[PDB]
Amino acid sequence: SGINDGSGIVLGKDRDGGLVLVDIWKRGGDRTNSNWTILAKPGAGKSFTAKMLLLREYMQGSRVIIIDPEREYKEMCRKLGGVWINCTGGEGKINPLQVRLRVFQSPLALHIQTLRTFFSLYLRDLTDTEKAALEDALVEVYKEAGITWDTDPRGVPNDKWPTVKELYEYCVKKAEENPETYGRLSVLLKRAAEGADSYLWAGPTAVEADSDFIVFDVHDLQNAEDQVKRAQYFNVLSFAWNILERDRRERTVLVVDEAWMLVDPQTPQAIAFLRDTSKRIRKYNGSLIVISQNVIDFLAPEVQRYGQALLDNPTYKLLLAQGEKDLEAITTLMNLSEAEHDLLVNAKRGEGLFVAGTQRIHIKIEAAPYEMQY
């Protein structure tokens, strides 16, 4: 039906053949944030459209950060000289116990809660006594490394942080006097310290991640256990978010792809973390783009308080062809008309509904031939 801001980027075409031109940095009326939700079944053109939009923003000066479970952004990253991070290779190790930047608030306390979320995703049946023994072992393992409550993360070198190894070893030592509080905790933690999952976390953060185009590839976890997927994705999202605070460049775009992977009904704090990120990022004048299939996953009773805001709050939305369950979930959530329902029903590749504030239109996405090399 037509959406043309004076300037910005061209996203695709009208139903009448007119260019849809959108400036996602606008503020005013129904443009309250710069955030996107991109929802569709596999193969509908989600990653492609994202790549086109990111390319066009990057060209204008946006730094771009991407979490990439499908390995869809590697090539584009090469073409732009970006930093490509192999989060499963030793060279891409991201230490979860590396405290992340935030009247006065203790960086350490903040990061201990983050870890509650992190260790709940990875260890799913942790009792309340273990939770707090773990939070205690955490602070203690920090102390022994010379980091304390006032300590400023910005000044600490990557290798001074403790790892899950020290945490696991402290838990074993404690198990002696406390076999019942720590016993089962220590053993579960071994897997991450020395065992099958240690390649991910048992060492210092390997990378700086200073570039205007970063991608965290987590592709090598596609066949790993769910809890490993989820715990690594959350660690990576937390590391990635820290980059915006660490050096608050404006118009940064943070892209979390296949975001459904983060959903854990028993630990909705991970999606809350995502929800909070979309809120905070407005302050830094950036953009959170959430890309996903499996929409209903967000809308589950345990996570829906969080998921629902995550997906419906963003000023810009792109809905392409949907899975049957997902389409009914979306039609209800975003009050799609009947026309808008059917549009997405027979929607062809790269075609669907584009939302900007309260403006919703039929759109067909298409990239210029000179861009295709990306």
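Residue indices: 1-based, along the sequence shown.
Inset, instruction - For the stretch from residue 102 to residue 103, please bin the deposited residues that the model skips: none, 1 to 3, 4 to 9, or 10 or more. - result: A long stretch, 10 or more residues, is missing between them.
Inset, instruction - Between 138 to 146 and 83 to 91, point out the one with the higher average CA B-factor as the PDB entry records it. - result: Here the higher of the two C-alpha B-factor means belongs to 138 to 146.
Inset, instruction - Select between 175 to 183 and 273 to 281 the stretch whose C-alpha atoms have the higher average B-factor in the entry. - result: Stretch with the higher mean C-alpha B-factor: 175 to 183.
Legend entry - 71, 154, 229, 160, ranked by C-alpha B-factor: the highest one: Spelled out: the listed residue with the top C-alpha B-factor is 154.
Inset, instruction - Specify which of 67, 52, 39, 344 carries the largest Cα B factor in the deposited PDB entry. - result: Largest recorded C-alpha B-factor: 344.
Legend entry - Among modelled residues of the same chain, the CA temperature factor third for residue 305: Its C-alpha B-factor belongs to the highest third of this chain's values.
Inset, instruction - Would you please rank residue 322 by its C-alpha temperature factor against the other modelled residues of its chain and give the third it falls in: lowest, middle or highest? - result: Its C-alpha B-factor belongs to the highest third of this chain's values.
Legend entry - Third of the chain's Cα B-factor distribution that residue 203 belongs to, per the entry: Lowest third.
Inset, instruction - Using the B-factor values recorded in the entry, state whether the Cα atom of residue 251 falls in the lowest, middle or highest third among the modelled residues of its chain. - result: Its C-alpha B-factor belongs to the lowest third of this chain's values.
Legend entry - Entry-reported Cα temperature factor of residue 219, expressed as the chain third it lands in: Residue 219: CA B-factor falls in the lowest third of its chain.
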